[PDB]
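Two versions of one and the same chain are coming, encoded as C-alpha cells; call them structure 1 and structure 2.
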Structure 1
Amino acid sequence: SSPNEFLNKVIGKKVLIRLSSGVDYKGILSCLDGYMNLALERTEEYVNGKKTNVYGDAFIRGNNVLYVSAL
C-alpha cells in the first residue's frame, strides 16, 4: 500500500500537515491510524504565515487533514 509505505517512511521524522482550512502543523510524526488521526511531537502551528502555537504533543483528528508532506 503506497500511502502506508510513505507514512511508515516518515514516522519519527518531521512532517508538514496541511488541514483543509489551510492551517499548517510542522512536527515529528509519532503515529497514525486508519482514520488518518495523527499524533505529533514538537508541533508548531502556522496560520497564514505566522507561528501561532506550539504543542509538546498534539492529536489531530483525521477528517481535517488535507495532506502529509515530507520536510
Structure 2
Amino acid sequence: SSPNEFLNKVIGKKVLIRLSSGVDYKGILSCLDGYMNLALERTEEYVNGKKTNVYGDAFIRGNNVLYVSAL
C-alpha cells in the first residue's frame, strides 16, 4: 500500500482533502498520476463547516495538501 496504491483504492469515492490552513475540499476522486496531482469531479470548498465555493472539475496538488482521506 504505497501512497499511490492508497490513492488508486479511493478513486470513485467521496474523499476529504485537508489543507495545512484548515480549508477542506471534498469531491469524488477521478484521476491520479505519479506526482500525486489529483483530478476531482464536482468539488466543494469549506472553511471549517462553511461551504464557500464549488468547482465543476478541479486539479489538486497532493504534494501541497495536509492529508487525503476517504469519506
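Between two forms, the rigid core is defined as the largest C-alpha subset superposing within 1.5 Å. Residues are numbered by position in structure 1's sequence, first residue being 1.
- Fitting the two forms on the rigid core leaves the C-alpha of residue 63 displaced by at least 2 angstroms between structure 1 and structure 2.
- Remark: with the core as the superposition reference, the CA shift of residue 32 between structure 1 and structure 2 reaches 2 Å or more.
- For residue 43, the CA shift between structure 1 and structure 2 after superposing the rigid core equals 0.4 Å.
- Taking the rigid core as reference, the CA displacement of residue 12 between structure 1 and structure 2 comes to 1.4 Å.
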